[PDB]
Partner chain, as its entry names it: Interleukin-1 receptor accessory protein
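Before any questions on binding or motion, here is one chain by itself as structure tokens, the form deposited without the partner chain.
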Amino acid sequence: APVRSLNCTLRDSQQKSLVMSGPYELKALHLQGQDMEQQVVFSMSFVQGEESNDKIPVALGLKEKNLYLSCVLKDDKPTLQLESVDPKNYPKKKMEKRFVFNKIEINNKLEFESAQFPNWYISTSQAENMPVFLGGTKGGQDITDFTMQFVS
């Protein structure tokens, strides 16, 4: 059958919202009021992959855009990128592994681990106006847990 998807927003556990910071970067900042329209709306697709009660493979596309969050090596390091795809072919149920995150329930919140790079997570910084990135160090003040808000 088709792939199933939900529209949603994400905020980090410090309650920063995610906005596009150019065509291919996301940044996290504290947002409230009129400026909340700036936040990115995701289409979260429920994709093929290893699954358990608390760990659900997803892709994170930008709603109304042929753009997906993507985990690749860049200058020999696992990195988060926004990658363009052929809009005729996406979303699909068998997304390529660079596009897959394991959405994990953690202490009433959500973590997004790279399926491609075990124990690398979608991360934000403490400071505002910094990129969303793929973090692979568990020590430090980087934020790896989020809440989801459902969108019409």
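Positions refer to the first chain, counted from 1. Between two forms, the rigid core is defined as the largest C-alpha subset superposing within 1.5 Å.
Keep in mind that the form solved in complex with the partner chain is not shown, yet the notes after this line are about it.
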With the cut-off set at 4.5 Å between non-hydrogen atoms, does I143 touch the partner chain in the deposited complex? yes
Once the rigid core is lined up, just say which one of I106, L29, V41, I56 has a C-alpha that travels 2 Å or more between the shown form and the other one. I106
Superposing on the rigid core, I want to see if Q15 changes position between the shown form and the other one - specifically a Cα shift of 2 Å or more. no
How does the C-alpha distance between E51 and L10 change in the deposited complex compared with the present structure, closer or farther, given a change of 3 angstroms or more? farther
Assuming the CA distance changes by 3 angstroms or more, are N119 and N107 closer together or farther apart in the deposited complex compared with the shown structure? farther
